[PDB]
Amino acid sequence: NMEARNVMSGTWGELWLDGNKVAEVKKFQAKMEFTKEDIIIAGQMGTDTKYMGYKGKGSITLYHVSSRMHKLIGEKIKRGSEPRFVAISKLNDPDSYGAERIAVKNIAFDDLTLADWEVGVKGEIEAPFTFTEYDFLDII
Amino acid sequence: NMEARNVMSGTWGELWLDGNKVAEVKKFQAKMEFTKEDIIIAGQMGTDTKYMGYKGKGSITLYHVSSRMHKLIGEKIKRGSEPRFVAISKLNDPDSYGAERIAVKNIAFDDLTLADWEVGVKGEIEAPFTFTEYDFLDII
Amino acid sequence: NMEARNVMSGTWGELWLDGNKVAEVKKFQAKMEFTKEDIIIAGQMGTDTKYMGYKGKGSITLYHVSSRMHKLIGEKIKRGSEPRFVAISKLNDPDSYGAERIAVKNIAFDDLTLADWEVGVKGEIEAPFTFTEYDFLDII
Amino acid sequence: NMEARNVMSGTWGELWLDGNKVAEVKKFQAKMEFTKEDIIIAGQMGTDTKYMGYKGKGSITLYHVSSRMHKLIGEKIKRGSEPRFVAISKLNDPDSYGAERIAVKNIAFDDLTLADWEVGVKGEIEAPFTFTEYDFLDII
Amino acid sequence: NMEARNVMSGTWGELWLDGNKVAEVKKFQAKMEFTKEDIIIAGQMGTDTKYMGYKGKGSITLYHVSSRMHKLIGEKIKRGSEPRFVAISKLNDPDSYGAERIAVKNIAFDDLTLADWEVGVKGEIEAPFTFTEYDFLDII
Amino acid sequence: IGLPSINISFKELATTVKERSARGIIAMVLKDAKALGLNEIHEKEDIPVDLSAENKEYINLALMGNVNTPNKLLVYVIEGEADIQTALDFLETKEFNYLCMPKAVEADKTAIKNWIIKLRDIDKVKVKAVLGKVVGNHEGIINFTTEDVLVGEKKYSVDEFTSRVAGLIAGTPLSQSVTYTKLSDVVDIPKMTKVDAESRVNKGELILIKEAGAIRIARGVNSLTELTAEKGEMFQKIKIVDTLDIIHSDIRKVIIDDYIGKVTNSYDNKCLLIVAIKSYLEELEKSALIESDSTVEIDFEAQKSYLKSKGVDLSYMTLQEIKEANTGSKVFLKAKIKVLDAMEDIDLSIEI
Amino acid sequence: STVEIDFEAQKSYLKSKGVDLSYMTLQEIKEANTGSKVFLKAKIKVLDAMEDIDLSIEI
Amino acid sequence: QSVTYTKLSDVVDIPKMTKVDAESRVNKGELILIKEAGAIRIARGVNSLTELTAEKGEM
Amino acid sequence: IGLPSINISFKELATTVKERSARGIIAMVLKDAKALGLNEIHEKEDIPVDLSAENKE
């Protein structure tokens with residue numbers, strides 16, 4: 001029941017940020033990294049672990065076609081007001097079993113690129129972030 | 001008695017996780033790393049070691065065809081309940097001497113990938129874990 | 001008196017472990033790393049050293065044809081009994097001056113690989129170790 | 001005769017308190033501090049000492065899994081009736097010469113921890129004590 | 001005449017206690033602290049001192065392989081009869097000028113460790129003492 | 001299964017028993033008309049009641065050790081009117097360290113002496129006998145020559161006290177020697193001057209002397225007296241010969257169990273044998289039975305001689321090729337060790 | 001180890017049947033028809049086990 | 001392997017025989033038992049072939 | 001082929017002579033009243049007993 005055609009292709013990804021579609025998206029990533037602490041039990045040779053929580057980390061890459069991130073955060077960051085956002089990522093490959101749609105919430109960006117250009121090179125923007133919550137809509 | 005045909009090929013590997021077959025498996029690894037501490041003996045130039053225990057470490061890679069990991073751990077991790085699992089790996093190359101089957105127990109995963117996609121790139125998932133026990137069924 | 005044909009080729013290596021021939025051996029390494037501590041002498045610009053001892057380190061690589069390491073150490077390590085071994089390495093190139101045979105003693109392995117396989121990749125096992133003694137039989 | 005494997009590892013320790021086994025024990029200490037008074041002898045440059053007695057001091061550390069110490073001492077200490085306990089400590093490393101088992105008697109604890117928690121930190125309890133008697137069972 | 005190789009290494013130390021060699025010795029210390037009293041002389045700005053005596057202090061550290069100290073002193077200390085011991089220390093580094101051997105006499109130990117273990121930690125014992133006499137055998 | 005039993009009983013103190021030695025096996029040949037065969041004795045109380053009282057006292061004598069009791073006693077009984085060869089042939093199969101027989105005569109001592117010399121020199125089994133009046137020139141014969149030993153107002157002849165001597169020797173740890181070991185149970189021995197004791201020790205006899213305190217053994221010598229270049233003064237001492245016999249027996253066990261008839265006679269297998277023997281010697285060094293820095297290696301001169309005796313031409317033949325050459329079913333090895341003696345003689349010069 | 005045609009046995013058989021060996025090539029003799037017989041030869045080596053040991057210990 | 005020096009545990013007694021006699025019997029072509037510290041054992045794994053020729057060697 | 005010979009022997013310490021050279025052949029002619037002829041000598045330990053002490057040295 002496993003066929004090569006079932007593997008999901010990243011070209012069939014879509015992204016909404018702050019309620020707006022991002023047509024120029026190149027990649028999207030979001031992962032929960034667990035905090036685990038070692039615990040040695042008397043009489044047991046194998047060291048065990050206790051789960052303590054998690055830290056959400058992610059990134060977005062865009063082709064540089066507009067000033068999206070500047071408008072989203074630039075003026076507010078300088079004044080000491082930090083905004084938070086919601087992102088929705090959808091992966092719907094027509095040859096796959098179904099679609100994967102996930103909302104990532106309480107997003108805080110790590111930085112802001114004002115300018116990054118080089119002669120003979122096309123422009124791209126990498127924007128890392130952190131987050132704390134999520135919801136599953138249409139898992140496979 | 002050693003021939004090139006006897007070397008085991010990784011294409012002949014199979015994996016069960018939580019009692020379910022994983023048809024989309026790409027690699028499987030599990031290793032016990034020993035804790036050793038130096039001990040210098042009076043009158044001896046070569047420093048020796050004392051064995052104190054071990055830490056089990058491993059990883060699984062899958063082609064992205066479904067939401068297997070999401071369903072296994074996502075909702076429970078957010079609530080503070082950490083689940084533990086059993087995995088069975090089998091390596092049965094028809095040109096080898098025999099089969100090697102091992103159960104890896106008390107598995108705790110290290111993270112959870114919610115999304116990782118890029119335009120023009122096929123989807124894959126890497127899931128590291130830790131473990132404390134094992135059993136030999138059909139060694140060679 | 002030095003000719004290119006005299007250089008020893010690694011294909012002419014042989015290995016015994018725990019008294020048994022290892023036909024599937026790919027490489028063997030063993031080295032003594034000296035512990036040296038700096039000593040500055042009054043009136044001398046060049047910093048000197050004092051020799052304090054050594055640490056023996058090595059490694060073995062095998063093609064994966066059997067469960068050799070599993071049987072050697074798996075059950076004993078879990079119970080808290082650490083076994084120690086003797087290895088004999090021989091290098092006898094027919095075009096070289098002579099043979100070089102060395103016994104490496106009080107060997108303690110650093111880990112144990114339970115499984116490591118990937119689709120489309122042939123299996124290999126890498127096993128590092130430490131040791132404290134040795135003997136020269138047939139040096140050149 | 002003396003080899004690094006003979007050194008006793010603390011992971012092979014076990015503890016009984018008031019007749020009940022303590023599976024969550026992290027460490028155990030018990031030591032007799034001697035009381036010595038200086039004495040200067042006429043005609044002698046080196047000052048000598050006279051032995052006068054001893055004070056027994058110790059402590060236990062546990063992972064916080066239950067309310068063991070609360071149930072042992074809390075209500076009685078408030079009413080003014082101080083309880084006294086017996087502890088048995090056993091160290092049985094399979095690679096050592098033998099087992100070391102000791103009973104520590106007339107134990108009086110120094111304090112009681114009602115709560116000690118911090119966000120992001122796993123719970124531990126430290127319980128110092130004093131004692132006056134002991135007995136040797138299974139010395140090496 | 002002086003070179004870095006002449007510095008004596010502590011790995012070439014050996015110890016006898018109460019006539020019995022202790023192969024598990026980690027370190028040995030013995031030192032005489034002088035008692036000095038200030039004396040101000042009329043007409044002199046620099047304050048001088050008068051030598052009055054000395055107090056011998058020392059320590060031994062061992063790897064925990066047996067119940068040596070328990071058997072040496074435990075029963076006698078409880079009954080009130082304090083024993084006294086003789087220790088001999090030898091330092092013979094093959095690259096030094098010669099051997100340094102010293103007898104330390106009328107040793108009285110400061111305490112007794114009944115148990116000191118922690119999960120994941122190898123066992124060691126520290127035994128401080130006092131003494132009044134010594135003798136030189138093989139000075140350099 | 002019965003009712004539960006909580007049996008709490010009272011009694012007075014019981015006499016302590018001396019500790020058992022892991023080493024030292026004694027075989028003793030006795031004569032009685034009853035209860036023949038081989039009897040294995042572990043503790044003093046376990047003695048078959050069929051033997052006469054005299055044999056019971058002999059066994060009790062052999063039971064007392066020096067620092068520990070001997071590990072095991074093997075008792076062979078013969079009725080009489082028969083050769084001692086009948087018991088010697090049976091003992092050729094058993095494993096033991098010392099052999100004694102309290103009742104003997106000159107021809108019987110001759111039989112035991114010849115038998116042990118045969119075992120040691122021809123059958124390659126290291127055993128020893130303690131005999132009353134025998135002038136053997138061998139390190140395998142211990143000549144105990146003391147007349148009329150008196151224990152608890154009794155008369156023991158020289159031949160019948162050797163059970164006590166054999167137990168004494170078997171009960172001694174390997175790091176020590178029997179020189180000046182005192183026998184508390186002995187009360188009286190015939191008058192003896194120091195010059196005579198010197199002469200007897202020089203002639204190779206194990207004797208008792210009266211010294212400061214109780215009765216004690218004089219010196220720990222063998223019966224060996226003739227010294228050559230191969231056999232020096234060290235071979236005259238009991239302690240050294242005991243250590244050498246232990247080494248011989250252990251190495252022979254390893255060789256016979258693991259190698260003889262089991263593996264092909266190739267150079268690789270010879271190297272494996274060398275490693276095994278070296279590890280045994282290292283184990284001995286870790287216990288201080290022998291000194292450090294002992295070696296094992298291929299005996300090159302002997303192999304060259306064997307190859308020459310077979311018609312091989314050692315012309316333009318590399319030393320490596322000679323070392324690795326096939327030698328039929330034979331192996332030539334050599335080794336070096338060192339053993340220390342006990343403290344026995346002290347000079348102290350005092351200036352006043 | 002080796003295996004090959006036993007040329008001399010084939011020649012003796014051919015002589016016994018009456019064929020001529022003069023003016024016959026060696027290749028001609030080797031490939032000659034021999035009814036139902038096949039003549040072959042080989043060479044092997046076998047080693048002995050360990051049964052005698054001499055160990056000389058110097059003290 | 002070879003049966004040389006193989007021990008037979010259940011055997012516990014054998015007629016006595018001197019060393020030169022055992023040597024002569026082995027050189028005659030007989031398989032014999034011998035006595036040793038511990039159990040009894042086979043002496044040497046020899047055949048009954050004694051007349052050796054240029055085609056039949058000692059192997 | 002005889003019986004198997006497993007012999008472990010103990011003996012006092014011994015020395016070793018110098019290693020030999022395959023270089024050097026000397027022809028020496030000496031007059032003697034006994035044992036005339038050609039004598040090849042490999043070592044000084046093995047000299048035939050016929051020669052005089054003066055010629056032996």
Side-chain angles (χ1 to χ4, degrees), chain A residues 1-8 31 34 46 96-97 100 139-140, chain B residues 7-33 55-74 76-77 82-113 116 122-140, chain C residues 64-67 69-70 74 111-126:
Chain A
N1 210 26
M2 155 90 183
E3 292 98 314
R5 285 181 297 174
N6 295 138
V7 182
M8 287 170 234
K31 150 193 274 183
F34 305 156
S96 293
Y97 296 139
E100 260 199 15
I139 44 188
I140 296 177
Chain B
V7 182
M8 283 168 249
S9 172
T11 310
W12 291 109
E14 310 164 79
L15 176 71
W16 286 263
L17 182 59
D18 202 22
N20 284 98
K21 188 87 128 65
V22 194
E24 77 269 25
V25 58
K26 194 176 158 154
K27 50 165 65 73
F28 183 81
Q29 143 69 36
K31 152 194 283 201
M32 299 156 69
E33 281 99 305
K55 163 55 145 273
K57 298 187 169 112
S59 206
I60 310 173
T61 305
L62 324 158
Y63 302 112
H64 192 24
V65 300
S66 84
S67 313
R68 187 181 295 264
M69 302 318 282
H70 309 64
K71 282 182 213 174
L72 278 180
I73 62 176
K76 287 180 182 172
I77 272 289
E82 173 194 60
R84 299 290 173 106
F85 304 101
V86 173
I88 297 163
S89 85
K90 168 171 86 152
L91 197 53
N92 197 16
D93 193 324
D95 272 327
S96 294
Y97 304 136
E100 185 171 276
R101 198 195 295 261
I102 298 155
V104 180
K105 303 197 288 331
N106 201 30
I107 291 176
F109 287 98
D110 293 353
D111 70 44
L112 172 59
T113 297
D116 200 18
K122 64 134 161 73
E124 245 169 56
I125 298 165
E126 271 91 300
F129 63 88
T130 60
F131 70 96
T132 59
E133 268 278 17
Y134 57 99
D135 285 300
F136 288 150
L137 320 126
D138 321 287
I139 45 55
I140 295 177
Chain C
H64 192 24
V65 300
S66 82
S67 311
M69 303 314 293
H70 308 65
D111 60 36
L112 172 59
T113 297
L114 299 172
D116 198 17
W117 52 268
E118 189 181 332
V119 295
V121 175
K122 63 134 161 83
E124 282 193 356
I125 301 302
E126 268 83 319

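In what follows, every heavy atom counts, from backbone to side chain, and hydrogens, waters and symmetry copies are set aside. All chains are named by letter (A, B, ...) in the order of the sequence lines, taking the proteins before the strands, and each is independently numbered beginning at 1.
- Under the rule for a salt bridge (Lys or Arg N to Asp or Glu O under 4.0 Å), the partners of B:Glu82 that lie at least two apart in sequence or sit in another chain are B:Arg84.
- Remark: B:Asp111 pairs with no residue by the salt bridge (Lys or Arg N to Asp or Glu O under 4.0 Å) rule, at least two apart or across chains.
- Looking at residues two or more places apart in sequence or on another chain, you find no side-chain hydrogen bond (donor to acceptor under 3.5 Å, both in side chains) involving B:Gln29.
- In summary, the aromatic rings of B:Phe109 and B:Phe85 are positioned with their centroids under 6.0 Å apart.
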Might you work through the side-chain contact (heavy atoms from CB on, under 4.5 Å) test for B:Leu72 and B:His70, ending with a clear yes or no?
CA-CA 6 Å; B:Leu72 278 180; B:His70 309 64; over 6 Å; no
Test side-chain contact (heavy atoms from CB on, under 4.5 Å) on A:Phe34 and B:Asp110; report intermediate values, then the result.
CA-CA 6 Å; A:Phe34 305 156; B:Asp110 293 353; 5.6 Å; no
Quick one: do B:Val104 and B:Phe28 satisfy side-chain contact (heavy atoms from CB on, under 4.5 Å)? Show the steps, please.
CA-CA 11 Å; B:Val104 180; B:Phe28 183 81; 4.3 Å; yes
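- Inter-residue side-chain proximity for A:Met2 and A:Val7 is flagged as met; some heavy-atom pair is nearer than 4.5 Å.
- Counting only residues at least two apart or on different chains, the salt bridge (charged side-chain N to carboxylate O under 4.0 Å, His left out) pairs with a member in residues 9-20 of chain B are B:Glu14-B:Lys21, B:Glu14-B:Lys90.
- For B:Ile125, the side-chain contact (heavy atoms from CB on, under 4.5 Å) partners at least two apart in sequence or on another chain are B:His64.
- Considering every non-hydrogen atom in both B:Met69 and B:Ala127, the closest pair reads CE-CB, 4.4 Å.
- Using a distance-only test at 3.5 Å, with no hydrogens or angles considered, a donor-acceptor pair links the side chain of B:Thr11 to the main chain of C:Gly120.
- Qualifying side-chain contact (heavy atoms from CB on, under 4.5 Å) partners for B:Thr61, counting only residues two or more places apart in sequence or in other chains: B:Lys26, B:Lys27, B:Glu124, B:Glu126.
- With sequence neighbours excluded, the residues satisfying side-chain hydrogen bond (donor to acceptor under 3.5 Å, both in side chains) with B:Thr130 are A:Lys36.
- Within the 4.5 Å cutoff, the side chain of B:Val86 has no heavy atoms near those of the B:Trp16 side chain.
- Under the rule for a side-chain hydrogen bond (donor to acceptor under 3.5 Å, both in side chains), the partners of A:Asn6 that lie at least two apart in sequence or sit in another chain are A:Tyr97.
- Legend: residues meeting side-chain hydrogen bond (donor to acceptor under 3.5 Å, both in side chains) with B:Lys76, ordered by chain and number and at least two apart, are absent.
- Residues C:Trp117 and B:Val25 are in side-chain contact: their nearest non-hydrogen atoms beyond the backbone lie under 4.5 Å apart.
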Distance-only donor-acceptor pairs under 3.5 Å for side chains of residues 133-140 of chain B, two or more places apart:
unit_1, atom_1, unit_2, atom_2, d
B:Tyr134, OH, C:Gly74, O, 3.0
B:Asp135, OD2, B:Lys105, NZ, 2.9
B:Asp138, OD2, B:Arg101, NE, 3.3

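- In this structure, the side chains of B:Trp12 and B:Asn92 stay at 4.5 Å or more apart for every pair of heavy atoms.
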Trace of the side-chain contact (heavy atoms from CB on, under 4.5 Å) decision for B:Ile60 with B:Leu15
CA-CA 10 Å; B:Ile60 310 173; B:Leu15 176 71; 4.1 Å; yes
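- Listed by chain and number, the residues in a salt bridge (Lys or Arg N to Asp or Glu O under 4.0 Å) with B:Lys57 amount to none (sequence neighbours excluded).
- Annotation: salt bridge (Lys or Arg N to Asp or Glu O under 4.0 Å) contacts of A:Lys31 (sequence neighbours excluded): none.
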